[PDB]
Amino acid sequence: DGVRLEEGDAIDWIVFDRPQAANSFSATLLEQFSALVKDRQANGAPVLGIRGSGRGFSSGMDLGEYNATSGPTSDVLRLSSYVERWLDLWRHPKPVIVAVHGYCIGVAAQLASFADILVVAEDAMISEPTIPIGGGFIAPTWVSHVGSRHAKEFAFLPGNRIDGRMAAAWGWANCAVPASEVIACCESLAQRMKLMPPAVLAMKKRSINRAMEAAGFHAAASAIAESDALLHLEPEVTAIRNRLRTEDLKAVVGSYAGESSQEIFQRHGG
């Protein structure tokens, strides 16, 4: 568990609800998430929505999901399994709307790249993982939404982060609204979508997805798992991870944390 379904007449919400862990993803959460997604294929409201309870959307993957001992291929298959759970959103017969408020970190920002429609709080924080313990996994899925210059900007600075406004301006989100209006905004869109026959929604979505596929959407994801798994085995990365065995999390993060690229541009008069 750690995931809840809130039914409604226009949109059913899948809600991450692990307050104790800032809605971070575990293997168990993910199994339950996929079970809901599948169940909502033919049950419930005509739109499917995803959001977080509490203070933020999701802090990303629990660090303890990574297991060094199982070897690199087993890591490749684990990471790839995550991408397939997100591709179930893309293949889904209903429109999938993702509502992000507060924090959206790491692999949670990968999930959201596979939504149909993405509405973000103006003040949300969309972030790379805070410590450079991996890579080549999230930002590549942003390329078709934001282009390669911003994807590379996002990826190349440790703990880089943008706000909802910036995510909308880059093209990652459809629109940034005040935090208090995020849910109601999605509900308003869904109430209009509800007037369409579900078969219409489904075929409109399949047909747009073929154009994305033609533009490389699916093949873009074909080696990101390998990329990230290789980095989990670099010695300089296993040493950083070892710092976690001894020291406080905040101290390790603290040696990487600092200005984001957008803060640097603003400071220099952009």
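When you see a residue number, it is the position in the sequence shown, counting from 1.
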Would you tell me which stretch averages the higher CA B-factor in the PDB entry, 200-208 or 23-31? 23-31
Would you tell me which stretch averages the higher CA B-factor in the PDB entry, 213-221 or 54-62? 54-62
What third of the chain, by the recorded C-alpha B-factor, contains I131? highest
Sort the modelled residues of this chain by their C-alpha B factor and say whether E234 lands in the lowest, middle or highest third. middle
Temperature factor at the Cα of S255, chain-ranked in thirds, falls in the highest
Quick tally, chain-level thirds of C-alpha B-factors: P158 sits in the highest
C-alpha B factor of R165, ranked within the chain: lowest, middle or highest third? highest
